[PDB]
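Chains as they are written, first to last, in the entry's author numbering: chain K, 2 to 110, 118 to 221; chain M, 2 to 110, 118 to 221; chain E, 365 to 562; chain O, 2 to 141, 149 to 229.
Think of the CB as a built atom: it goes at the ideal place given N, C-alpha and C, for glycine as much as any other residue.
The structure appears below as structure tokens.
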């Protein structure tokens, strides 16, 4: 069997939240449960061991315990400056090895939407000089994310390997995303109007840029 | 299927604890989970409903949530003046009804042992008047409980329907228990020495009372 | 046994049996050879008819023994500066432990009426607890490689016993000699016969 | 305790990669070392332990001959030889520090992972470090930028005005192309009064190819 764990969690700051890790008979209870936490862009670190002894290096803030099938990691309060996934680990006699949980996102609890701005970048003559043509459009200054970008030639959509990158977090409290599309120069000049659209869960703008200048 | 819960939980005061309720896909997540709590010697009362809004009549102290298969009821700290079981309830499409969890005991975290005292009460002539003979011995002034009382005639134990009552809580921070045994007057006078022993997890005393005065 | 007492000074060798030198004078056929590791604070209760922590949960002794224990200090092979959890002791058994028998189990012990089948309740405790061996610990918290030998009688004719102190050879002199269980008196002379090789 | 090492170099499927982290400040005769990788979007997996004292290392059920472990006592550093890398190997490598010691199969429940620091990264790759052949990108307030393509591996750094401009320079995430290429996008914001008058250049540095491409963006003609 494989240990499963909540994908995410919704807890407002200032109040305690807990994470549950459902298991099996031979994995939880008869074997100790360890909770791993990892910083983004850094190395992981153990949070609690043996479910009753706290490691040295952390103040008396967290709590972990096990109760039958599931093990509970009590998080007394939450700070908005630190959001860290928690891993669930145990041991099984039949598998004879370490098996790990999925991990859970923790988020704070609302802000109004912003006004997105999208730009279109047609290639220059140098890119067309090598018998190729690619198109890129970028969306920024939108909050929150979870946006989808699709291309449109104002008459019919084209699907020649359309891709969309995942949204990313910037340092000025905003999200950003980009889309790429590579074609042939023969089909590139077949249409004189190219654009891409964004889905801001209620806002949609079209960037009509002609491939002339 | 039947919803299951851990039989008891142990959380010291001063830090948050939570109770997990393992279930299934058709009972948890797609259906709301309700948490019932009942006072000893009184009526039950709902703690949280629909897993994200709180009832009116309770301060902002507790927390409840559901996450996939299991639901966690976060308890921000614990008071020693109130220890109340929590029930887990859900709804299932196959059985088309309400199914309830086992329930979980909550307790605070140690005190030193005490010196138990046991007494023996032989019956008078009025009880032997009724063509019957019963023997009772009582154990008190012991902390904690989980004691077992067995009869002994100082030569061989007797099993004629030996029963032992559960320990109870008194108002002076002490436990008490009692045992009963009913026999025939012919076998009652066959032995001139009766006693009962207690198991205080390390302490054992014998109350040798002759059936003469 | 000659090569026995060159394995560092021992810890305890009180015995209720025979001498090591008369083990060479009396030829045996069956001896038990089993060993285990216990913390040094829990070796003193290894005695016939003794009660202690490890007395009725891992290993027990009968009345008739015919042998004794061998123990010595082991702090350079099983002691680590970090942790050493390879060895563990069991102290939770439901009933009496019979003398000279082994038992291995992984099911969780229930101390009362609590139904446990893989869960660790407040009345159900795991019956296997590990040790910890560090150089920070003193003499009383160090592993001792306790090995015990028990001799058996009336199972077979004797087939195992040590050296018999073979000597040199003399010729052309009236001296006493003995052979392979064929004892006699005579003069040793080189032969010219042709023996079959059996 | 420290686990300072070097970053792992990209290796083709059907080849070998080496990841080793330095051990110092303690004797390497009591702590069994573990290897594990951080799989994105899911859990982690284990294959076995490494004992520097005796030849008693075992293997997991799903990892029979995938990993081969060799020991060394002079340098006190474990050595890696991975075979037949696949598409599921796209994860970072961290050497797990485990306290205590355990050999038999009923003593591993007591320990916990101690130290994590400065892990490496080993993932299979079809596309390989190739020299970039990037071309300037024409622009459309007004915005302009240059796009990088035909390069491997991630990442690359784009600097504008010889590093004198740092406001608005955000590295847009790339995408997993079918041919194995990537595309890092960096954009800057200029007023609309200057679009083809002031010269704007971007510098992209490529580490394993040791090439520096200085391209000047121009409007499309």
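With respect to the C-alpha of residue 13/O, the residue from 60/O, 29/O, 162/O, 84/O having the closest C-alpha is 84/O.
The alpha carbon of residue 180/K has as its nearest neighbour, out of 132/K, 75/K, 126/K, 150/K, the alpha carbon of 150/K. Inter-segment contact for the region 47 to 54 of chain O and the region 6 to 17 of chain K is absent: fewer than three beta-carbon pairs are separated by less than 8 Å. Residue state for residue 196/M is assigned as helix, using DSSP reduced to three classes. Counting only runs of 4+ residues, the alpha helix (DSSP H) found wholly inside the region 129 to 208 of chain K occupies 133 to 137, 193 to 196, in chain order. Residue 196/O is bridged by DSSP to 152/O. Non-local C-beta neighbours of residue 137/O in its own chain, meaning closer than 8 Å and more than five positions away in sequence, comprise 154, 223, 224, 225, 226, ordered along the chain. Against chain O, the CB of residue 214/K has no partner CB under 8 Å away; the residue lies outside that interface. Between the alpha carbons of residue 391/E and residue 522/E lies a distance of about 6 Å.
Using a Cβ-Cβ cut-off of 9 Å, residue 481/E is close to 26 of chain K, given in chain order. Against residue 34/K, chain M offers no close residue; the least beta-carbon distance is about 12 Å (beta-carbon pairs closer than 8 Å).
The beta carbon of residue 449/E falls within 8 Å of a beta carbon belonging to chain O, placing the residue at that interface. Residue 32/O belongs to the set of residues whose beta carbon lies under 8 Å from a beta carbon in chain E.
Shown here for residue 218/K: same chain residues with a beta carbon closer than 8 Å to its own, the five before and five after excluded, namely 200, 201 in chain order. In the three-state reduction of the DSSP assignment, residue 444/E falls in the coil class. Only residues of its own chain outside the window of five on either side were considered, and among them 380, 381, 412, 514 have a CB closer than 8 Å to the CB of residue 429/E, listed in chain order.
Residue 69/M belongs to the set of residues whose beta carbon lies under 8 Å from a beta carbon in chain K. Here the region 54 to 70 of chain K lies against the region 23 to 39 of chain K, with 3 or more beta-carbon pairs under 8 Å apart.
Within the same chain, 14 come within 8 Å of residue 80/M by CB-CB distance, once the 5 residues on both sides are set aside.
Short of 6 Å from the beta carbon of residue 509/E, and not among the five residues preceding or following it, lie these beta carbons of its own chain, in chain order: 401, 438. Under the criterion of beta carbons closer than 8 Å, residue 189/M and residue 91/M do not qualify as touching, at roughly 46 Å. Beta-carbon to beta-carbon, residue 59/K and residue 126/K are separated by about 45 Å, too far to satisfy the 8 Å threshold.
According to DSSP, residue 100/M shares a beta bridge with 91/M. Close to chain E, meaning a Cβ-Cβ distance shorter than 9 Å, is no residue of the region 179 to 198 of chain M at all. Counting of Cβ neighbours within 10 angstroms places residue 144/K among the buried residues, the total reaching 16 or more.
For a cut-off of 8 Å, the C-beta gap from residue 420/E to residue 460/E is around 6 Å, short enough to register as a contact.
Boundaries of the alpha helix (DSSP H) harbouring residue 385/E: 384 to 389, taken from the DSSP string.
In this structure, the alpha-carbon of residue 546/E lies about 57 Å from that of residue 448/E. Here residue 196/O is buried, its C-beta having at least 16 other C-beta atoms within 10 Å. Note on residue 396/E: under 16 other CB atoms within 10 angstroms of its CB, so exposed under the neighbour-count rule. Nearest CB-CB separation between residue 441/E and chain O: not below the 8 Å threshold.
Scanning the region 436 to 517 of chain E from its first residue to its last, the whole beta strand (DSSP E) runs of 3-plus residues come out as 452 to 454, 492 to 494, 507 to 516. Inclusion of residue 198/M and residue 216/M in the CB contact set at 8 Å is not warranted, their separation being larger than that value. Note on residue 99/K: 16 or more other CB atoms within 10 angstroms of its CB, so buried under the neighbour-count rule. Checking the DSSP bridge columns, you'll see residue 370/E has no partner listed.
Secondary structure at residue 394/E: strand, using DSSP grouped into helix, strand and coil.
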